[PDB]
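Below are the chains, spelled out letter by letter.
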Amino acid sequence: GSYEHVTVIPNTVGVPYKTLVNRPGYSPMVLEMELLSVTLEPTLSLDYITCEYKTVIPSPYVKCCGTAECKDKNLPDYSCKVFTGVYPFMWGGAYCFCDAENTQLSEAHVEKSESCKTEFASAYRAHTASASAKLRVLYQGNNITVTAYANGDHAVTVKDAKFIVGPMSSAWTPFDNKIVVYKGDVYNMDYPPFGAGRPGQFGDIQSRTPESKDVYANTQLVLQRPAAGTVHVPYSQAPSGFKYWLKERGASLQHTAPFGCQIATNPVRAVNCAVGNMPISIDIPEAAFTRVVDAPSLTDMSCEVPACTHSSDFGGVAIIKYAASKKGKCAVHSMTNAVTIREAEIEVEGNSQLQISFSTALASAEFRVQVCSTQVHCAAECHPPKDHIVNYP
Amino acid sequence: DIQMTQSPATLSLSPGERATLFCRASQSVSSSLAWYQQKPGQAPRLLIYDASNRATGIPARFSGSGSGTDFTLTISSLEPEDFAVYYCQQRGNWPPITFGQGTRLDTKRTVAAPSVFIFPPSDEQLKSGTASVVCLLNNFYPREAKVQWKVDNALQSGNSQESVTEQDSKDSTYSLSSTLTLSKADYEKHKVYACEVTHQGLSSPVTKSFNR
Amino acid sequence: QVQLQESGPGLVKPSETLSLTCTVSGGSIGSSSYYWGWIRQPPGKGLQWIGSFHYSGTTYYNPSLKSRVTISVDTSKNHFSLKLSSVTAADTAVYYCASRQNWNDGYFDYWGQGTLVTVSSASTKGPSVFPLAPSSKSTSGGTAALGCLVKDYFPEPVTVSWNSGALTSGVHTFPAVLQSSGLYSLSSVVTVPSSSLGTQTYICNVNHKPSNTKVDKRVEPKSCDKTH
Amino acid sequence: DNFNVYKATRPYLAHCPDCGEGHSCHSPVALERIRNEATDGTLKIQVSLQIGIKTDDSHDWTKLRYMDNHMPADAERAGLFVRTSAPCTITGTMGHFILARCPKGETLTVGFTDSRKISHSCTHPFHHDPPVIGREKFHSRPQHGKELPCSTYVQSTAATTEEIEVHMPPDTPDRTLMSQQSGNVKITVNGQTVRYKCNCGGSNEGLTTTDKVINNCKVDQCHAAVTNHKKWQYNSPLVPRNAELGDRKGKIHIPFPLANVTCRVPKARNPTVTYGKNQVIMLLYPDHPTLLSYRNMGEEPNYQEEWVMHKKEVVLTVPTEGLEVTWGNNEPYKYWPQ
């Protein structure tokens, strides 16, 4: 059918590159492309969630003139214990009539706080992400934007052009094998597996969903003897691991990941990670290609380079005299790996003389450029700027 | 040791009427009183407690009042259900929990004279050596009636027992059985056996007899 | 919510220890009521509170009986129980187990259905049933009276039904009288259409459980004023 | 609104460890539990009294019912306070629960004024250091700022999932139920049922609803309590259980559920930036402690952070790959060498 052109552009968002299409005998063409967004979404698979615990403690059973007995209950961290020789006081006097010979049944267990529905952290396995790409293509008067998957398979049609992007040159991921997610922060954490919760650490409570009525509990809940004369249920317990983590968790991945990744949640994803590079396949139909029969026959072939600076900014200008054969378009390119042009495809009409811009990396250039059907060699030198820092690569 | 006295002993009334019952404790029991209903052959049923509160599902026509030592139970408009024996209970100072002796809420009605039947002894019984002759007074009101056994016009004494039913639930009547028992020899001596019934509904006594 | 049912021997001899079980249904003992208790009622008299077992384990006994009364809870069978030692004939009564679920106060709102307990050293004789035949001297226009005489039995409880419960209307079963012999006797009578004497079978179903004696009797018309 | 769910219940007295003066007592404002689950810092406090109802079960926002010995009593909502290290602001009230915002402290105190206008208070150890939403430890809440996730206790007085149970209370011992009418004991019951037991032969133990006189016995041979309660109360850890397997006569919902909402924070003013080759220099005005962090955008990110307290100059190396610099709650700054 049409014509594939295949190019490889580096995986840097915001820096455009131009590629050179030579379908033999047709319009020598230059197209612009700029990555706008490189989105990388891991395949998440939840192990569990975690949150505060609630230590449920009823009224103690103060058996006066007798002995209470514990009955085992199947409850998380169910702790029961019968203390003897007790003589407690309520407001109106002593509760019991016997002096010795009294017992207190203290019991407690652990369940999830209600807040687990709202304040909770998630422990996931993150599996190999699927790459995604937003890409701007400048194409015979069209800034078009394509949103393919960068796997080398998802083809997208835009203005009757084939696009296939990917696969990415890099396997790299800012996400570890196991991740922990909280309200919009992602952490690389070797979180303990379900059922292996740690007293006072992350996951002392483990639950499969915020919704489960089953939980795993490991808090070292130990009931203690009540004080003399006091009706209360004192105990020892490891304070919530979820609180201790939320107050110790430290810097998340959004602030610490390399390659300038931007990390987001819901869904968890890495964005604009400037790592590796990426191929693009554009199948252009015939309509874009006009045989060189209509291309200008280039007499009046002359150039000039008035002023240049070596900055990575909007940084060059040049002059040409030309002669054309009819009214139409034509594209621009060069042979220099250190020098480029953002002027791409411009006027060719009558017999005329015009001017364009460029940008150069070197402060002194001996360069060889081509337009339409002919090349030409030029040179320039640049005086360094009074500036030192810029804001794109 | 709390003593409970109810009053009246018998209150015989017609349905739809207001009924009032009295309970008195030998000393102040505050309002710590309860009223129980007991129909014949059943368990007591809790009607009122703490002298005014009504138990779960008890009809609103029941109500209790009073304090100290003197308490009233009132049934607004008697239903056929409501005819039973009512006891009062104290809890003001216990143990012992003590009750009253009860009040019997009998159903008033018009006079009904008994239908009188007489049954001679069973032959099956007479093979065995003693004779029982029974007399049935059936569905009469009021409760008191007189039965006299005569054997050849000889008034008997000391050899008959009798029994009266509960006031009939659909009928508000009473019935009684009177049994005359003595040796087969004495039965085989005589011929004419008569049950003589005297009752308010009889203008003059009736007599049911048989010949052996 | 809960149901109480008594369970007892019925006939106890003097100086022995009456033992009763109130079984609880629809709820466990330790959770179902604030007081459990025993209350008796001699024949033809009022109620007498015997004792109460509080949920706290305290037992409150009637002072005139405390030396002989024990009330216990067996939670392994959901029943509480009464043991009254050194029994005399005054103890003869219908015994009720009762409970108070709703307030923790000292009244009684759930009741069992009381069990008769008789106290004597007599020895459980079964009854004798004899027919009270519809006679020739009482069928003057419309209704005949017939019945059965249940005689010479002990102890008191006797069940009498007619035609296995088919015949209910017009049946009077009189309270039993106690004879000089120390044996009971009652009669049960029914009035029926005289128009059906030769065609309707009438049977007494007498049932004296203590002697395990169930008897059926068919009552048939008369002969000593009838031709053989 | 319709929070008649409290009608069958009552407040209660319970052990308080510091009723003022560094001494414990039996308080009508005993604290049961302090919650700090909302990340906005709000505290959700549970006390032994009930707020918003009269003793007659009628709702009244200006009234508060506590227990005066055996009898529930009415008192002024206006006298209620929560205090921590420095006085708190009570955001909400319903029955046993108080929503308050509190300064940083180590104790938490709740008190009220009774009918006789006595102050009653109760105090518990409570570290209250509500951690910071955002990257700026600010002290005045702004208008012009960025909004961030947080959690709060809403002011819904209605129909939630979480529940507390209300039971039959245990018998209430009271020595003043008994007096020594010389040679004997007089039990004065007021208008209540008293369960009593005396250790002297003759009229030993029982129940009474009348003033009863027990003969030939001293008061320190008797035990008396009020029983036959007919209002329910929370089975607090600080109250005895009336029966072995407990009791239960109702439930009360826990108002003010945790909802997930948004909080404003400021953005620290944009720093003054000057440039040299492979180097950026930044002046920083923190109006309050502002977190500064930065990372290289190459393979080795080299995370660095510090809390900037007061006005400061920072000199940063800009590698070939560039540098990302997050200044407090602002969006990150990005710098590359030319």
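Its PDB record attributes the structure to X-ray crystallography, giving the resolution as 3.20 Å.

(A) The arrangement of the overall build of chain C in detail. Summing up its helical and strand segments, chain C has one helix and 19 strands in all. A compact globule built from 228 residues should have a C-alpha radius of gyration of about 17 Å, whereas chain C, at 22 Å, is more than 25% larger. The buried share of chain C, reckoned over its 228 residues, is 51%. When the accessible area of chain C is evaluated, it comes to approximately 9900 Å², of which 47% is carbon and sulfur surface. Looking at chain C, you have 17 positive and 11 negative side-chain charges, and the mean spots of the two groups are 5 Å apart.

(B) The arrangement of the chains, seen in detail. Once contacts are tallied for each of the five pairs of chains in contact, the highest total is for chains A and D. Spatially, chain A is disjoint from chain B: no contact exists, and the shortest C-alpha separation is 20 Å.

(C) Focus on the sheet that holds strand β8 (residues 70-75) of chain B. Residues and elements named next belong to chain B. Sheet architecture is open: four strands sit in the order β1-β3-β8-β7, paired in antiparallel fashion. Whereas interior strands pair on both sides, the edge strands pair on one side only; in this sheet they are β1 (4-7) and β7 (62-67). Geometrically, the sheet is characterised by an average inter-axis angle of 20 degrees between neighbouring strands, direction not taken into account. One ladder, built from four bridges, connects β1 with strand β3 (residues 19-25); its direction is antiparallel. By the bridge assignment for β3, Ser7 is matched with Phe22.

(D) Examining the pattern of salt bridges more closely. Following the criterion strictly, the structure yields 54 salt bridges over all chains and no others. Between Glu111(A) and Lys54(A) there is a salt bridge; the shortest N-O distance is 3.4 Å. Residue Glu111(A) is located in strand β9 (residues 103-112), and its partner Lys54(A) is located in strand β4 (residues 53-56); the two are separated by 57 residues in the primary sequence. Each of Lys54(A), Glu111(A), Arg35(D), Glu37(D) and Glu162(D) takes part in salt bridges that share partners, so that together they form one network.

(E) A look at the interface of chain D and chain B. Contact residues are listed per partner, giving 11 residues for chain D and 11 residues for chain B. The largest per-residue losses of area from chain D upon contact with chain B belong to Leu207(D), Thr209(D) and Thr210(D), which jointly make up 61% of the total buried on that side. Summed over the shared surface of chain D and chain B, the number is one salt bridge. Two residues, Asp50(B) and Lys230(D), come together in a salt bridge whose shortest N-O distance is 3.0 Å. Our count for the chain D to chain B interface comes out at six residue pairs in polar contact. Among the elements of the structure, β16 (193-198) and β17 (205-208) of chain D are those that each provide at least two residues to the side of chain D that touches chain B. Of the residues that constitute the side of chain D that touches chain B, the class distribution is two nonpolar, six polar and three charged.

(F) Structural detail: the pairing of strand β9 (residues 105-113) of chain D. All names here are of chain D. Where strand β7 (residues 81-82) meets β9, two bridges bridge the pair, whose relative direction is antiparallel. Looking at β9, one finds that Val82 is bridged to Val110. Sheet analysis places β9 next to strand β10 (residues 119-128), joined by eight bridges and oriented antiparallel. Residue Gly105 lies in a different strand from β10, and its bridge partner there is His128. Between β9 and β10, which pair antiparallel in sequence order, lie five residues; one of them, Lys117, sits at a positive phi of approximately 50 degrees.

(G) Highlighting the state of the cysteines. Residues and elements named next belong to chain D. In this structure the tally under the stated criterion is 16 disulfides over all chains. Residue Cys19 pairs covalently with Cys25 via a disulfide, S to S 2.0 Å. Given an S-S torsion of about -95 degrees, the disulfide between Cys19 and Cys25 has left-handed geometry. Judged by relative accessible area, which is 28%, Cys25 ranks as partly exposed. Each disulfide pairs two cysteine sulfurs, and for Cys198 the partner residue is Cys222, the sulfurs being separated by 2.0 Å. Disulfide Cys198-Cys222: the torsion about the S-S bond is 115 degrees, which places it as right-handed.

(H) Main features of the side chain of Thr210(D). As for its placement among the helices and strands, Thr210(D) is situated in the loop between β17 and β18 (212-214). A residue is classified by how much of its surface remains accessible, and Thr210(D), at 12% relative accessible area, is buried. In this structure, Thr210(D) is in contact with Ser28(B), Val29(B), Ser30(B), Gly92(B), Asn93(B), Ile187(D) and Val189(D), ignoring residues within four places of it in sequence.

(I) Layout of the domain arrangement of chain A. All names here are of chain A. Structurally, chain A comprises domain 1 (1-43 + 128-175 + 257-293), domain 2 (44-127 + 176-256) and domain 3 (294-393). With centres defined by C-alpha atoms, the gap from domain 1 to domain 3 works out at 25 Å. Domain 1 puts 14 residues into the contact, and the matching count from domain 3 is 12 residues. With both sides pooled, the region where domain 1 packs onto domain 3 buries about 1200 Å², and carbon together with sulfur makes up 58% of that total. Interface area lost by domain 1 to domain 3 is led by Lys18, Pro28 and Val30, which between them contribute 41%. Remark: the boundary between domain 1 and domain 3 carries five residue pairs in polar contact. Mapped onto the side of domain 1 that touches domain 3, the elements with two or more residues apiece are β2 (17-21) and β3 (29-50). Looking at the side of domain 1 that touches domain 3, the element that brings in the most residues is β3, giving three residues. Split into classes, the residues belonging to the side of domain 1 that touches domain 3 amount to seven nonpolar, four polar and three charged.

(J) Summary view of helix α1 (residues 241-248) of chain A. Residues and elements named next belong to chain A. Listing the buried residues of α1 in full gives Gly241, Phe242 and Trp245. Projected down its long axis, α1 carries its buried residues within an arc of 100 degrees, all on one side. Summarising the contacts, the buried residues of α1 are in contact with β3, β10 (121-138), β14 (178-182) and β15 (185-188). The backbone nitrogen of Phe242 lies 3.2 Å from a side-chain oxygen of the residue at the head of α1, namely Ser240. Positive backbone phi, approximately 75 degrees, marks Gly250, located one or two places after α1.

(K) Representation of the nonpolar core in the model. In terms of nonpolar packing, the biggest core is built from 72 residues, with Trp35(B) and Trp111(C) touching the most fellow members. If sequence neighbours within four positions are ignored, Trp111(C) has contacts with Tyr36(B), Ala43(B), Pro44(B), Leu4(C), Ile39(C), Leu47(C), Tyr96(C), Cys97(C) and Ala98(C). Core analysis: the second largest hydrophobic core is formed by 43 residues, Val146(A), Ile179(A), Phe259(A) and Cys261(A) among them.

(L) Geometry of the interface of chain D and chain A. On the side of chain A, 56 residues touch chain D, which itself brings 60 residues to the contact. A buried area of about 4900 Å², summed over both sides, lies between chain D and chain A, and 57% of it is on carbon and sulfur atoms. Linking chain D with chain A are three salt bridges. With a shortest N-O distance of 3.8 Å, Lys54(A) and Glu162(D) are connected by a salt bridge. Where chain D packs against chain A, one counts 26 residue pairs in polar contact. Counting only elements with at least two residues in the side of chain D that touches chain A, the list comes to β11 (146-153), β13 (172-173), β19 (222-227), β22 (258-265), β23 (272-276), β25 (290-296), β28 (323-327) and β29 (333-337) of chain D. With four residues, the single largest contributor to the side of chain D that touches chain A is β29(D). As defined by bridge partners, strand β31 (residues 389-390) of chain A adjoins β29(D) across two bridges and the pair is classed as antiparallel. Across the sheet, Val390(A) pairs through a bridge with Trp336(D), a residue of β29(D).

(M) Broad picture of the packing of aromatic side chains. Residues and elements named next belong to chain A. For the structure shown, the criterion picks out 32 aromatic pairs over all chains. Both rings, one in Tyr182 and one in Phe242, keep their centres 6.2 Å apart while their planes meet at 65 degrees; by these two values the pair is edge-to-face. In this pair, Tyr182 sits in strand β14 while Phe242 sits in helix α1, placing the two residues 60 residues apart along the sequence. Per residue, the accessibility class of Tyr182 equals that of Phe242, and both read buried. Every member of this aromatic cluster is reached through a ring pair, and the members are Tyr182, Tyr187, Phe202, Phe242 and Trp245. Over the aromatic face of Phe194 sits the side chain of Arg208, whose NZ or CZ is 3.7 Å from the ring centroid.

About the criteria used
In this document, every chain is numbered from 1 following its sequence as written, which may not correspond to the numbering used in the entry; residues for which no coordinates exist are not shown. To read the labels, note that chains go from A and ligands from 1, taken in the order they are written. Side-chain numbers here rest on the full set of heavy atoms in the structure, without hydrogens or water. Residues with missing side-chain atoms are left out of burial classes, side-chain pairs and their counts. Helical segments are the DSSP runs of H or I of at least four residues, strand segments are the runs of E of at least two, and each set is numbered from the N terminus. We take the radius of gyration over the C-alpha atoms and set the globule estimate at 2.2 Å times the residue count to the 0.38 power. In this scheme, a residue with accessible area under 20% of its type's maximum is buried, one over 50% is exposed, and one in between is partly exposed, where area comes from a 1.4 Å probe on protein chains only. Every accessible area reported is derived by Shrake-Rupley at a probe size of 1.4 Å, with residue values counting cover from the shown protein chains alone. For the charge count, each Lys or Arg is scored as positive and each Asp or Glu as negative, with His and the chain ends excluded. In plain terms, the charge of a residue is placed at NZ if it is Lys, CZ if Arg, CG if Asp and CD if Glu. Between two residues, a contact is recorded if the distance between any of their heavy atoms is within 4.5 Å. Two strands form a pair only when DSSP identifies at least two bridges running between them. Axis lines are fitted to C-alpha atoms, over the contacting stretch for helices. Their N-to-C directions set the angle, which ranges from 0 to 180 degrees. Any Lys or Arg side-chain nitrogen found within 4 Å of a carboxyl oxygen on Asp or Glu counts as a salt bridge. Buried area: the accessible surface (1.4 Å probe) lost by two parts on joining, summed over both. In the analysis that follows, any N or O atom pair within 3.5 Å is treated as a polar contact, provided that within protein one partner can donate a hydrogen and the other can accept it, and provided that, for residues neighboring in sequence, both atoms belong to side chains. Three categories are distinguished: nonpolar for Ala, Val, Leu, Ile, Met, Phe, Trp, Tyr, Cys and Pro, charged for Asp, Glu, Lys and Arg, and polar for the others, with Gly belonging to the last. Two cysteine sulfurs form a disulfide in these notes if their separation is within 2.5 Å. In this document the domain limits rely on a domain assignment from an automatic tool or a database. To obtain the arc, one takes the directions from the helix axis to the C-beta atoms. The definition of a nonpolar core used throughout is a set of buried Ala, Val, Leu, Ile, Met, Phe, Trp, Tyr and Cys residues joined through side-chain atoms within 4.5 Å. The pairing test for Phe, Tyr and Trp rings, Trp by its six-membered ring, is centres within 6.5 Å, and the orientation test on the planes gives stacked under 30 degrees, edge-to-face over 60, and tilted for anything in between. Either the NZ atom of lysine or the CZ atom of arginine qualifies as a charge over a ring when it sits within 6 Å of the ring centre and within 35 degrees of the ring normal.

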